[PDB]
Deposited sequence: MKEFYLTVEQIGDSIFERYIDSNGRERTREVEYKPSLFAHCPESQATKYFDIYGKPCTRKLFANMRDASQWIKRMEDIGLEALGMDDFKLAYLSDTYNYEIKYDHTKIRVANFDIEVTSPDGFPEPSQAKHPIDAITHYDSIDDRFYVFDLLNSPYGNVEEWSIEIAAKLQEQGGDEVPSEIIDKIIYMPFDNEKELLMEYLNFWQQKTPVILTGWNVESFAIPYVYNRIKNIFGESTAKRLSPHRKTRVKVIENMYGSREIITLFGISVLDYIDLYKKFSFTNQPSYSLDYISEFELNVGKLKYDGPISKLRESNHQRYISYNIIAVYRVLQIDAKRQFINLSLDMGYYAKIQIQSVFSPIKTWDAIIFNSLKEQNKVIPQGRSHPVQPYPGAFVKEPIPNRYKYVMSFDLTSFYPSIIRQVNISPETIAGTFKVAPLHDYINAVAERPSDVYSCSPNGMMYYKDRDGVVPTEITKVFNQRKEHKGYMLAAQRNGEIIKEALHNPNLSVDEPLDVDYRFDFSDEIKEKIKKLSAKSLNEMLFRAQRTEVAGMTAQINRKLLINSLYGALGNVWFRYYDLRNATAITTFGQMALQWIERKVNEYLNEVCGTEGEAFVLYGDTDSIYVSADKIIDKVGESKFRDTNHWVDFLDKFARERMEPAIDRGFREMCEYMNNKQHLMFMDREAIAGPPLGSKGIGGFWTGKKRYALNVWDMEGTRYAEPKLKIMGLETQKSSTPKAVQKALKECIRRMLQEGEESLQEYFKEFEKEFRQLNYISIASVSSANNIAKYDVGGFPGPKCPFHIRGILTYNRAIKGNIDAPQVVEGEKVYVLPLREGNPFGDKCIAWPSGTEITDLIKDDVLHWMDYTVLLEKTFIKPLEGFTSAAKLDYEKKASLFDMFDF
């Protein structure tokens, strides 16, 4: 096989590289890397190297890397540009791997681990590591084994060995329900004291040194705790054994510590999740996320965690094993590790650099330029400046019965490729007219020769740009994976349909590739399968869709981040001229097509001057299709699915070609390199046929709800609500309130005013029986100490921060009580006046039951009235007033009758 690196580090004049060789075996080499940097040279000096602008450069080979850096410093002191890749690790990877890296992930050692630390006096600070590590479960992806390190003897209690027999048993058997599929993969190692455990773990670590190291909060807790515990007990020299190159770096931010283990790529899964999952969670405990991702139950245990080991060591160890497995399960679904490996090996960077799109792109562009013997520019210092972004239309707050949406494919990257925007493709500038002059095709055509953006920039049309070139490569990967996703999604609905008439028989789920649309044979067979087989296929379909979703939405994130990078001062190719060129072109593009779409629809409908586009954000338009429906009349339709097919055919056969023409014209207007403004229909929304549902509504910018029947070619078996911006979508809104508001919205859009009022009346009556967590608000807890004046709210103290202070005062003096962590999220509850807490609200760590110390008092003093009106009624008022509805039956003259 082809060789591929695992990890790379720069230690002084040495490059330390772990890699897999041609025989598939992991090796480690210390290379005295001789890096090259470049300087401009006279035209007469013959060379093969040029900067991106065509200026010749002479290559300076250096004896070592530290000499190359000192030269950069000198070139600064002289006042001359020092060109080339200054991050020598990247240069090394580029040299050593001069080809598209094909990697075998089975050879890459991925370690999932989690430790347990019993602490009687609150949260065990990793920087201190005062308390013994009494459990470590370490899963090795190569061995496919869970290595369990169990401390039987601790100053906090002596316990018996964990029983794998009891662990396997059902919880109803007094067992721990450790998944049967991993029972045989567990390797249990009890220890009679902490020192022997840690030394054995270190030796274990050396034998099976992690390449990818992950888990939940491993970077903020596990790794630094383990490192500091081993450091405190055995000394710094043995603690460094955690690094295959025996070098670590303690980065301090008081005290807080993030330890850097050279030779290991740490991908904390909480960070992978926060960056790649595109969720915003009320809590980020592994418990909460697992329940959300895997629909598994919360890990139930009786007492407090600080006593769990003493009371139920059996379950303590079992839960530790499960916590490791749950991350693996989440990763099996989300596939963020795979994503990081793909992106990482594609860019030729340290795998952990996937968290930095700038670093990611700097390397991609660098490697692409190195291919053509071209020399990258030196990074420069720039002041941060604001610059304009997208256009968002101000919608008329109202209900909207029939709505079709249209969205541009990969907008900003497409703008980049179309205009050919790149640092080295800048041709010059032109005198700009007001933006609306270009929108209305009134302004003079910017250039006859160059490709233009209405911001004033001109670009060469002939030559290829390294930014368009490399953004196009990644975009193609994105388009491919989105295809698999949508197909999985479409296949999902097919199974959902067949699940309406499940055949009474015993069979097995069909072997199919869900990434591709089911064949007619497959669809025929599906209608004959049982519920068990169908539900299993629906599950695999959804799993395939999620896998496709991760691959596509994150490649989309990467290319959109290339745009964003252009507006970031730390990007080597930062340039507001290009960034604004993109956004301004974007603003034009959207509003140009708004006019075009309006003109076409007035034309084909027969109307004149009517506004068909009711809303738009960046690259989308929402078209009021009431008159398209009415020109045929509701009468001529069999069922709801009929007019959905009608609008589907209409958008596809009539509107899209018109849009294609409208954009193709715009492309000539700007004299762009290549027409890439591809705006396809997205949503088809409307009420059920013959129902009293309103279909949809807008309350303002970025706030709307639609009863969608079809989405990008996916015909749902049951209509799906597309709600944007509204409280139902906000993590800050209580779970039960989201659920209730959503049902309110559903009823408005699908059933009508009478149905809404009915549900509202019922909710108002019964809502006081809702669990306190389900009605608690959520908020991030930033700058608590900023507003902490003697335990009391300082000036301008935010509501939720006030709640935290109230909490701190209530639990003052309990070391065992859970502390609110700065930056993390909290549940927030209003308190009725005269409550013994002394304030109008309270707050506690999210994802947890509030401590038993004060729980019963909080429950008794919750302000349900405030909770209802503030959280439920007020947003519902906004929804209904916008939609011209009432959630309560208004008073009439008819109230004088019986």
item	value
Deposited-sequence stretches lacking C-alpha coordinates, listed in sequence order	255-258, 903
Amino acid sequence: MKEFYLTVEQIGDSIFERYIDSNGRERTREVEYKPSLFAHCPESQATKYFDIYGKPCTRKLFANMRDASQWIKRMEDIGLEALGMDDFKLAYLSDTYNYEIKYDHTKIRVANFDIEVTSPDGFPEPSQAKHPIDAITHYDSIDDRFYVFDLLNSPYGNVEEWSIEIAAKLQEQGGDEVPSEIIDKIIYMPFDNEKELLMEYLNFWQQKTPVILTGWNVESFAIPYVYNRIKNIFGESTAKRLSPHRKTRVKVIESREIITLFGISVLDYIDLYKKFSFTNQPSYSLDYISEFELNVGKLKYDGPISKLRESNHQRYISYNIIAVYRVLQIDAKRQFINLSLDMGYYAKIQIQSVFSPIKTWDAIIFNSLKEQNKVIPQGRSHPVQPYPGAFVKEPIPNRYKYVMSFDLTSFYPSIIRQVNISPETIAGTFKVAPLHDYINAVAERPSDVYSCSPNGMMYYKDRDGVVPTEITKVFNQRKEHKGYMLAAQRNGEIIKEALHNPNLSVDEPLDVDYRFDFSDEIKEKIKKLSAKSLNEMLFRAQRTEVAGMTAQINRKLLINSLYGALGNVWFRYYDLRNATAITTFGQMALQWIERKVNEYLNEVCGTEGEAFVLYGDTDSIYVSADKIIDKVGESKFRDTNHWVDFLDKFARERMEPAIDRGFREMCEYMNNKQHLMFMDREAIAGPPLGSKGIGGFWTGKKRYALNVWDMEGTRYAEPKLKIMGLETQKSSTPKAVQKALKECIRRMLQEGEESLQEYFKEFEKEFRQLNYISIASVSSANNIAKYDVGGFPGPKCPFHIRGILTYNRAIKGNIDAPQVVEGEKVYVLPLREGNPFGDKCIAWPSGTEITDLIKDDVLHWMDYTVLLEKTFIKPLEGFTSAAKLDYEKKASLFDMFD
From here on, numbers count along this sequence of modelled residues.
| item | value |
| --- | --- |
| Unmodelled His642 in at least one third of other entries with both flanks present | no |
| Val252 unmodelled in at least a third of other compared entries | yes |
| Average Cα temperature factor in the PDB entry - higher stretch of 519-527, 312-320 | 519-527 |
| Per the entry, higher mean C-alpha B factor between 28-36 and 839-847 | 28-36 |
| Which of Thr580, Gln418, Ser94, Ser119 ranks first by CA B-factor in the deposited coordinates | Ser119 |
| Selection from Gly456, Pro224, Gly686, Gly215 [criterion: highest C-alpha temperature factor in the record] | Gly686 |
| Record-listed C-alpha B factor of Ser635: chain third | highest |
| Assigned third (lowest, middle, highest) for the C-alpha B factor of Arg652 | highest |
| Ranked C-alpha temperature factor of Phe897 among modelled chain residues, by third | highest |
| Position of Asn568 among the chain's modelled residues by C-alpha B-factor, lowest, middle or highest third | lowest |
| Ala63 CA temperature factor, ranked by third within the chain | highest |
